[PDB]
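First comes the structure, then the notes that go with it.
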Amino acid sequence: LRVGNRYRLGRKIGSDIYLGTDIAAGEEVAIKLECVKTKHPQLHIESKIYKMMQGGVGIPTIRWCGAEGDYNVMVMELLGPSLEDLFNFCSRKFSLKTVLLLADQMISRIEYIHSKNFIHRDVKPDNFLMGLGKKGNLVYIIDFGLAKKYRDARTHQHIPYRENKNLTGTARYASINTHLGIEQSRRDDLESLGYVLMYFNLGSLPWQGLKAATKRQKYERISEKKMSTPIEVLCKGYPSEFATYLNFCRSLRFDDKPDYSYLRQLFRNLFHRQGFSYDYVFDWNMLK
Amino acid sequence: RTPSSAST
Ligand SMILES: Nc1ncnc2c1ncn2[C@@H]1O[C@H](COP(=O)(O)OP(=O)(O)CP(=O)(O)O)[C@@H](O)[C@H]1O
Ligand code: NA
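For the record, the sequence lines run as chains A and C.
Here the first sequence stands for residues 3 to 17, 22 to 294, numbered as in the authors' numbering.
Here the second sequence stands for residues 579 to 586, numbered as in the authors' numbering.
Now the structure itself:
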């Protein structure tokens with residue numbers, strides 16, 4: 003089918023997102039469709055966030071937005087596989103060098119979003135995608151469905167402290183503050199990334215596959231296990247920088263501006279002591 | 579996908 007004059011719809015690449027072509031440019035694109043009648047319209051919200059983010063390194067380009075018969079349509083830059091996909095392809099083991107390469111760009115992406123007055127609130131390996139082609143060394147961040155302003159765009163007034171807030175994003179990677187029902191802020195995006203980096207180190211987190219009767223009884227088991235696992239037990243056998251990173255995130259006050267620069271430099275100093283080069287040669291680049 | 583790993 004057509005869309006927006008110059009785009010041809012292909013088959014799904016997940017759920022919804024479809025392969026497309028920009029017929030005029032001769033370039034593959036991704037096309038997100040949302041039925042107009044859908045109960046909870048969010049595409050149009052996601053599109054306005056992507057629009058504020060444009061110009062950002064590792065933010066997908068939104069090429070076209072509009073409605074076509076029964077669907078809202080967002081046409082975007084086509085991105086490669088997620089960090090979770092690549093992790094499965096690498097037998098759920100990343101080398102220390104790959105974790106550090108990823109950590110450097112992922113902290114940068116989060117800082118960029120925060121600089122545009124948003125928190126993501128869904129930091130997980132599935133929401134970072136590698137670029138394709140000339141962008142194949144670039145980590146992108148996607149899925150701004152759960153993102154919100156943490157400060158007024160004009161005054162940079164932070165959102166107020168509030169409690170009794172329900173779990174927003176993913177149980178496995180959520181901050182302890184999120185489990186306690188505290189309003190998410192910049193610190194929580196960075197604390198989740200910390201869990202993601204130790205997930206890549208370990209192959210799983212120690213609060214994965216907890217038996218529970220319900221979804222609720224289960225978030226409660228994950229909450230308890232997380233709060234009862236010291237950062238030095240989580241990070242045992244791995245460079246201290248992973249523990250230092252998480253202790254820093256956990257020490258941040260609700261409206262604190264993180265020292266992104268300090269956190270990046272922690273990992274760069276580790277990277278340099280290991281004698282690694284920033285050559286973007288990830289583990290998956292070695293697959294024959 | 580596991581619900582512990584699902585966006586909510
Ligand atoms: N611009 C893009 N280029 C390539 N792949 C993309 C893409 N945008 C999204 N994807 C892929 O399409 C799938 C769905 O994307 P989306 O961000 O909407 O997931 P989602 O919000 O529905 C959570 P879930 O995947 O668990 O249902 C994901 O697997 C993602 O990797
Ligand atoms: Na590469």
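Idealized CB from N, CA, C, for every residue including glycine.
What residues in the stretch 223-252 of chain A bring their beta carbon closer than 7 Å to a beta carbon of chain C? Residues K224, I228.
In the DSSP assignment, find the unbroken beta strand (DSSP E) run with A/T184 in it and report its ends. Careful: A/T184 lies outside any beta strand (DSSP E), inside the alpha helix (DSSP H) at 182-185.
Near A/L3, what residues of its chain come up, given a Cβ to Cβ distance below 7 Å and the 5 sequence neighbours on each side ignored? Excluding residues within five positions, the ones whose Cβ falls inside 7 Å are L11.
Backbone CA spacing between A/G243 and A/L102 [nearest angstrom]: Straight-line Cα distance between these residues: approximately 12 Å.
Cα separation between A/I55 and A/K155? Their Cα atoms are separated by approximately 10 Å.
Count the other CB atoms within 10 Å of the CB of A/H278; is the residue buried (16 or more) or exposed (fewer)? Exposed: under 16 other Cβ atoms inside 10 Å.
When DSSP labels each residue in this structure, what does A/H164 get in the three-state scheme? DSSP places A/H164 in the strand class (E or B) of the three-state scheme.
Would you mind listing the alpha helix (DSSP H) stretches within the stretch 194-258 of chain A that are 4+ residues and don't spill past its ends, in chain order? Taking only runs of at least 4 residues, the alpha helix (DSSP H) segments lying wholly in the stretch 194-258 of chain A are 222-233, 237-240, 247-257.
State yes or no: is the C-beta of A/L293 within less than 8 Å of the C-beta of A/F95? Cβ distance < 8 Å, so A/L293 and A/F95 count as in contact.
Is there at least one non-hydrogen atom of ligand 2 closer than 7 Å to the beta-carbon of A/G142? Yes, ligand 2 has a heavy atom inside 7 Å of this Cβ.
Please report how far the alpha carbon of A/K263 lies from the alpha carbon of A/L107, in whole angstroms. Between A/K263 and A/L107, the C-alpha separation is close to 23 Å.
How would you write the range of the alpha helix (DSSP H) that A/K45 sits in, first residue to last? A/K45 -> no alpha helix (DSSP H), and no H or E assigned at all.
Answer yes or no: the CB of A/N291 versus the heavy atoms of ligand 2, is any distance below 7 Å? Within the cutoff, so yes.
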